[PDB]
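Report on the structure given below.
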Amino acid sequence: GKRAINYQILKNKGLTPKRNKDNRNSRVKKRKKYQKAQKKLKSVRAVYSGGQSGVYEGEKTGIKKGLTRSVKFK
Amino acid sequence: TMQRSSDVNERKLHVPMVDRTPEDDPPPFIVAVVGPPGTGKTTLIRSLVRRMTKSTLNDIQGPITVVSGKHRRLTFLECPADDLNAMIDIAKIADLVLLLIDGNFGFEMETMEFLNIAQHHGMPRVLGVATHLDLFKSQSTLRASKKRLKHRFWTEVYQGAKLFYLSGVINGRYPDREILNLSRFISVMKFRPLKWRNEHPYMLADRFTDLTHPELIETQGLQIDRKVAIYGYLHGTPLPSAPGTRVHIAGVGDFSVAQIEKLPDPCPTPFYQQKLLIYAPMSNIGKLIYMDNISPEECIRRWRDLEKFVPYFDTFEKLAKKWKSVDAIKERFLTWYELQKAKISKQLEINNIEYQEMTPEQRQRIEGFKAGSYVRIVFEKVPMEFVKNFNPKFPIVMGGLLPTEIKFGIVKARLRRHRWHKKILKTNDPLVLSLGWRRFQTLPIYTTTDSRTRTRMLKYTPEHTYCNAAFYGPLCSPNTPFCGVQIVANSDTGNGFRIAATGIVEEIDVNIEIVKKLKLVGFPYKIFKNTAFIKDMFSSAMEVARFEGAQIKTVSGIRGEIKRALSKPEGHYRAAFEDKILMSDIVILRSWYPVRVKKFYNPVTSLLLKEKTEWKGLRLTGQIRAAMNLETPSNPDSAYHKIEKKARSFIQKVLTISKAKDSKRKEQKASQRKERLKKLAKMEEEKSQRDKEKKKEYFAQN
Amino acid sequence: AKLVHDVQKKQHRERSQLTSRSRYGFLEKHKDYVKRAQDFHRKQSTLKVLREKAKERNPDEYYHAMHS
Amino acid sequence: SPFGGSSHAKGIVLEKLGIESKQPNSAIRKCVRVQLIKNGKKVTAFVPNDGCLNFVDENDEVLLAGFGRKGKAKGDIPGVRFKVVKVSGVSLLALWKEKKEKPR
Amino acid sequence: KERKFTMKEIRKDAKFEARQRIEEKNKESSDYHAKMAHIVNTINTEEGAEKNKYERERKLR
Amino acid sequence: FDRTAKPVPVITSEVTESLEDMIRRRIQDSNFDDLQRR
Ligand SMILES: Nc1nc2c(ncn2[C@@H]2O[C@H](COP(=O)(O)OP(=O)(O)OP(=O)(O)O)[C@@H](O)[C@H]2O)c(=O)[nH]1
Ligand SMILES: [Mg+2]
């Protein structure tokens, strides 16, 4: 029959936004920012990803005729 | 470091306040040992009296007044750790609080409630005593518990407060080194002024006698409202000596004083003023004017009709002839904070320098027993149960009343659910208030100004911010804090908090207008273009004829007035709108019915029960509903809801997949194109304002 | 979000249609109203522009396509 | 520098300027009339968040600081140079996020 | 005839108190706009004077 | 409650007195704003 104090009165926090388990450990947030930005620049360049892994199944995602991604000399 | 030299001398400048603690007979500064049940209090009291007067005290009860040091003394009080009905007024009366925590348990909610009550009602000098360090040999864990308790305590009270730690008890008394280094601190105390204890004459009772006739009580038979002498010790502002003063002692309600009397002081002054120690109880022309008998003109002829305003005069010719020459009247004719402190201190100094005069006027009939005078008070008509079941454990505080705080009526305060109370406060659910000296259960009504035009009734308090509130009760002065408790009985406390509503009274009145938005509601049944006959919101054409001209709006957001009653289908009527409504709409008025506050008022009347606690006042609405087991009145249409050939067949399937996939891809690209457009709008607006700042900074060199 | 709480920007759910009028159900709130009203305004405007051309029909028009 | 040399000045609030502004959380609602103590003068301070305006009532020994707008707002008034940062001992940011408690 | 009398009288009452409270509401709204505008531009100008004075004193040095 | 528009302005002897002294002051000025032969 002896009282106690609960968690929020012991910690004395409250009325904060919902923060992030990714935001807790800085090594993790500087990992889940990189491997997103690692997968981001599969959309501005076309980076090397090992090469011909299986047998050559074709280029598998579309080749278009009227497009030249070659920087030209003015 | 001139910036630091001009920045650290802003710690001095505060609000100028006045003290009224005179330097001739200062009262014993009431300190108040309070905390959890079980640990601490009585052994700490025994140790402090054993180190301050070299004599023990077994079976202590009630308030002691011990002496410490040369000039001034102090007063202890073992407050019981089971009732807010003692905890609240102890926090209202106290000046220092040595506050007990036990380090093998963490904090506790009784000292939590005490610290919140002190924080609202006016901060005394708090000083933490962490006892019960039987923790372990692991001095790492001892340092850990002391560090975490110190950081939590410095967050709860001012950061930097003293937290004296005590070890185990050596045969009844505490370690005397720690009692030494605590007693030196409370000898170098240095208190501060507070507005309540510098505006109200307040006294702690330490002796309590019933000078009512034994033959009279034996011939009346345990029925009388007796007469009672409180032998006590007043603090604060001077309790005015003329009998007839309204004085509220706590937990029974107010009375008027019958006669008061100054006693021999039972505590030391300095011995030079003695010539030229624990006390532990419960264990001409002025009299010519003010003489009642004589008439005023007989008074002035012994010395030597004001509706007529004009001053008196003699014969016009007489004083004109006297003042044909008027040379008899030729003798008449011909920083900021230290400034404010000098102003009020020079006021107090000239007050004292014309107080230091003849004793019957200037001590007990012009200002009346200033501060620090052991006085007996008597009250007749004090009820029976007070003296029948008086307990020496409980404190008896008593504060006088200003002329404004005996009247009754409504009062409009601001309120807020205390942020650790686990449940919010429904309106018309009664609660106990420590508004000033009186503590009372009353029914509030929580209102808010909807953007400051009218005061409508909320059905609930807001969840974390303030709101206005109005309730019947004793009309205290404006701008004062007050706490509000829920149920006070210790049969229902469990594991939850007890303080519910902190707040501040700012405004009193005698009648409040306060509305509640009821919405008249009807349905359309013959919908035209631009007008509609609406149905079964008014029972008669007389009601429609009163309400002709009103703005209504549907649930779709279209306005429209109503015009005239229809004739034959007597309930129905005709209204004009923005454009054509659907049939599945609801027309809505807007209307305000003035609700009135309930005139309930019941003080706690705490120290009259046999039990001294367990004062069940009015129960909450939820628990009387659970007591007579009615369900909570849900409304079934009000609950929310979560609203809302092979080759040819194959080619048709492929096309009807692909066109819908590309359709929603296109609409998603358009949706995000809208946000890219808004982002570019913000960027161009910021860039344009930056460049129009730069183009005039380029020209301000002219 | 500058200086607000999440409890200050909690969600307001919308109330249903009453069961007493559930035969012609689906109470119709403000977004559905504006999606009705702008559509009706557009239909009225195209009706009035073809009515205006009808009131100025100019009864002597002729093209090669009007032989059948 | 804006008041002698100090960066902060204790002050006494006269009255909540603009309680009758109907639009909630507006510039003319979020002002107080602070009596600066260091030279005994009037100034108009700018307490943030009208929901936490109502901590300070009257002579709450408030502690001011500068404001320093980092751009241009929609309906902000100019002239207010001072914001409230601490009231009666505690910081009203901590009060508005309800960690501490205002003492009286 | 009494029904016609009471309906005519209550609608005359409605039109009368309609007119008086609506001119009262517009009058108090206009005076509120006047008071609010007055305090906002006096707090604008009287403080902007010393704001520009302190900015002139700072930008020199 | 609240209402949309001001009601019909009822014609009282005070408002016809103000209209009559308006028009009689106006034609005492003879400031009637008619057309002209132009
Ligand atoms: N080991 C140890 N025991 C303690 C310590 N402090 C108090 N106690 C024990 O607690 C018991 C209760 O003593 P008190 O604290 O004086 O009791 P109280 O103050 O009257 O508290 P209540 O009975 O609830 O009113 C004592 O008999 C002690 O044995 C401590 O620091 N160490
Ligand atoms: Mg005890």
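Virtual Cβ from ideal backbone geometry, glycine too; neighbours counted across all protein chains shown. Laboratory data are not the source of any read-out in this text; all were calculated from the coordinates shown.
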Quick check on region B:115-135: of everything there that is more than 16 Å from ligand 1 (Cβ to nearest atom) and hydrophobic (A, V, I, L, M, F, W, C), which residue is nearest to the other protein chains (Cβ to nearest Cβ)? B:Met123
Yes or no: C:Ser20 surrounded by fewer than 10 Cβ atoms within 10 Å (Cβ to Cβ), in a helix (DSSP H, G or I) and not β-branched (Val, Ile, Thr)? yes
Among B:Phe533, B:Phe523, which is the only one that is among the aromatic types (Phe, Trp, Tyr), out of contact with any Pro (no Cβ under 8 Å at 6 or more places or on another chain) and part of a strand (DSSP E or B)? B:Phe523
Working only within region B:526-558, note down all residues that are within 14 Å of chain C (Cβ to nearest Cβ), under 20 Å from F:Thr4 (Cα atoms) and crowded, with 17+ Cβ neighbours inside 10 Å. B:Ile534, B:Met537, B:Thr554, B:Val555, B:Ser556, B:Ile558
Can you confirm whether region B:435-445 contains a residue that is within 14 Å of another protein chain (Cβ to nearest Cβ), touching a strand residue (DSSP E or B) at 6+ places or on another chain (Cβ under 8 Å), farther than 30 Å from B:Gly232 by Cα and crowded, with 20+ Cβ neighbours inside 10 Å? no
If you check A:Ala37 against the conditions, is it outside any loop (DSSP other than H, G, I, E, B) and either away from chain B (no Cβ under 14 Å) or aliphatic (A, V, I, L, M) (or both)? yes
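Here is a yes/no grid of residues against (1) within 14 Å of chain D (Cβ to nearest Cβ); (2) of a type in the set (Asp, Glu); (3) closer than 17 Å to B:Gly253 by Cβ; (4) in a loop (DSSP other than H, G, I, E, B):
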{"residue": "B:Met398", "(1), (2), (3), (4)": "no, no, yes, no"}
{"residue": "B:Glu405", "(1), (2), (3), (4)": "no, yes, yes, yes"}
{"residue": "B:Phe408", "(1), (2), (3), (4)": "no, no, yes, yes"}
{"residue": "B:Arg456", "(1), (2), (3), (4)": "no, no, no, no"}
{"residue": "B:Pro474", "(1), (2), (3), (4)": "no, no, yes, yes"}
{"residue": "B:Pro481", "(1), (2), (3), (4)": "yes, no, no, no"}
{"residue": "B:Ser491", "(1), (2), (3), (4)": "no, no, no, yes"}
{"residue": "B:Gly496", "(1), (2), (3), (4)": "no, no, no, yes"}
Quick check on region B:96-109: of everything there that is within 16 Å of ligand 2 (Cβ to nearest atom) and surrounded by fewer than 23 Cβ atoms within 10 Å (Cβ to Cβ), which residue is nearest to the other protein chains (Cβ to nearest Cβ)? B:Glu108
Within region D:14-51, restricting attention to residues that are facing chain B (nearest Cβ under 10 Å) and assigned to a strand (DSSP E or B), which residue is surrounded by the fewest Cβ atoms within 10 Å (Cβ to Cβ)? D:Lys41
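How about region B:577-609: which of its residues are farther than 30 Å from B:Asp89 by Cβ and surrounded by fewer than 15 Cβ atoms within 10 Å (Cβ to Cβ)? Break it down stepwise before answering.
Taking region B:577-609 as the starting set, the residues that turn out to be farther than 30 Å from B:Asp89 by Cβ are B:577-596.
Within region B:577-609, B:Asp579, B:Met583, B:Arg590, B:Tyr593, B:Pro594, B:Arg596 qualify.
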Yes or no: region B:27-39 includes at least one residue that is more than 30 Å from B:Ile353 (Cβ to Cβ), within 28 Å of the chain's Cα centre (by Cα) and surrounded by fewer than 18 Cβ atoms within 10 Å (Cβ to Cβ). yes
With the condition kept exactly as written, say whether any residue in region D:64-75 is of a type in the set (A, V, I, L, M, F, W, C), facing another protein chain (nearest Cβ under 8 Å) and surrounded by 13 or more Cβ atoms within 10 Å (Cβ to Cβ). no
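May I ask you to say which residue of B:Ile350, B:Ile344, B:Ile377 is within 30 Å of the chain's Cα centre (by Cα), of a type outside the set (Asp, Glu) and assigned to a helix (DSSP H, G or I)?
Details: B:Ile350 fails: within 30 Å of the chain's Cα centre (by Cα); B:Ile377 fails: assigned to a helix (DSSP H, G or I).
Residue meeting the stated conditions: B:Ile344.
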Quick check, is B:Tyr374 away from chain D (no Cβ under 14 Å) and surrounded by 12 or more Cβ atoms within 10 Å (Cβ to Cβ)? yes
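State which residue is nearest to ligand 2 (Cβ to nearest atom) when the search covers only region B:56-95 and only residues that are aliphatic (A, V, I, L, M) and over 24 Å from the mean Cα position of the chain (by Cα). Break it down into steps so the answer makes sense when it comes.
Here is the first cut: in region B:56-95, the ones aliphatic (A, V, I, L, M) are B:57, B:60, B:64, B:66-67, B:74, B:77, B:81, B:84, B:86-88, B:90-91, B:93-94.
If we keep only those that are over 24 Å from the mean Cα position of the chain (by Cα) too, we end up with B:57, B:60, B:64, B:66-67, B:74.
Numbers: B:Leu57: 12, B:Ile60: 8, B:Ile64: 14, B:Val66: 18, B:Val67: 23, B:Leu74: 20 Å.
Here the residue is B:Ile60.
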Filter the strands (runs of 3 or more DSSP E) completely within region B:45-114 down to those with at least 2 residues that are within 16 Å of ligand 1 (Cβ to nearest atom) and within 28 Å of A:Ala4 (Cα to Cα). B:96-102
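Conditions (1) closer than 20 Å to B:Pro26 by Cβ; (2) loosely packed, with under 10 Cβ neighbours inside 10 Å, marked per residue:
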residue: B:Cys267; (1), (2): yes, no
residue: B:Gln273; (1), (2): yes, no
residue: B:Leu276; (1), (2): yes, yes
residue: B:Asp292; (1), (2): no, yes
residue: B:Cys299; (1), (2): no, no
residue: B:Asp305; (1), (2): no, yes
residue: B:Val326; (1), (2): no, yes
Which residue pairs have Cβ atoms closer than 9 Å, lie 6 or more positions apart in sequence or on different chains, and pair a first residue in region B:144-166 that is closer than 20 Å to B:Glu110 by Cβ with a second residue that is within 16 Å of ligand 2 (Cβ to nearest atom) and part of a helix (DSSP H, G or I)? B:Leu166/B:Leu44; B:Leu166/B:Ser47
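Provide a single number: the residues in region B:298-323 that are in a loop (DSSP other than H, G, I, E, B) and basic (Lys, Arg). Quick ask: steps written out before the conclusion?
If we filter region B:298-323 for residues that are in a loop (DSSP other than H, G, I, E, B), which is where we start, we get B:304-315, B:323.
Now drop any that are not basic (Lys, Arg), which leaves B:304, B:308.
Residues that pass the stated criteria total 2.
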Within the set of pairs 6+ apart or on separate chains, which have a first residue in region B:27-50 that is within 14 Å of another protein chain (Cβ to nearest Cβ) and within 20 Å of B:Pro124 (Cα to Cα), a second that is part of a helix (DSSP H, G or I) and within 11 Å of ligand 2 (Cβ to nearest atom), and C-beta atoms under 9 Å apart? B:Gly35/B:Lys41
Every residue from region B:23-44 that is closer than 23 Å to B:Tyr374 by Cα and near ligand 1 (Cβ under 10 Å from one of its atoms): B:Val33
Filtering region B:558-587 down to residues that are closer than 22 Å to C:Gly25 by Cα and in contact with a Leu (Cβ under 8 Å, 6 or more places away or on another chain) yields B:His572, B:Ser584, B:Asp585, B:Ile586
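Those residues that are in a loop (DSSP other than H, G, I, E, B) and either more than 14 Å from ligand 1 (Cβ to nearest atom) or surrounded by 17 or more Cβ atoms within 10 Å (Cβ to Cβ) (or both), I need them from region B:170-197; list them, please. I'd like the intermediate steps shown before the answer.
First, the residues of region B:170-197 that are in a loop (DSSP other than H, G, I, E, B): B:171-172, B:174-175, B:188-197.
Matches in region B:170-197: B:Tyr174, B:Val188, B:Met189, B:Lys190, B:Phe191, B:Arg192, B:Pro193, B:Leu194, B:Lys195, B:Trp196, B:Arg197.
Give the residue that is surrounded by the most Cβ atoms within 10 Å (Cβ to Cβ), with candidates limited to residues of region B:41-55 that are of a type in the set (A, V, I, L, M, F, W, C), more than 13 Å from B:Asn171 (Cα to Cα) and more than 10 Å from ligand 2 (Cβ to nearest atom). Full working, then the answer.
Restricting attention to region B:41-55, the residues satisfying the condition of being of a type in the set (A, V, I, L, M, F, W, C) are B:44-45, B:48-49, B:52.
Adding the requirement that they be more than 13 Å from B:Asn171 (Cα to Cα) leaves B:45, B:48-49, B:52.
Within this subset, residues satisfying the condition of being more than 10 Å from ligand 2 (Cβ to nearest atom) are B:48-49, B:52.
On the way: B:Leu48: 25, B:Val49: 20, B:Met52: 21.
Filtering first and then ranking leaves B:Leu48.
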Among the residues of region B:129-163, the number that are away from ligand 2 (no atom under 16 Å from the Cβ) and assigned to a strand (DSSP E or B) is 2
Does A:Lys64 satisfy the condition of being away from chain B (no Cβ under 14 Å), surrounded by fewer than 10 Cβ atoms within 10 Å (Cβ to Cβ) and assigned to a loop (DSSP other than H, G, I, E, B)? yes
Note down all Cβ pairs under 7 Å where the first residue falls in region D:82-100 and is within 11 Å of chain B (Cβ to nearest Cβ), the second is of a type in the set (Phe, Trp, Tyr) and crowded, with 18+ Cβ neighbours inside 10 Å, and they're at least six residues apart or on different chains. D:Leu95/D:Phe55
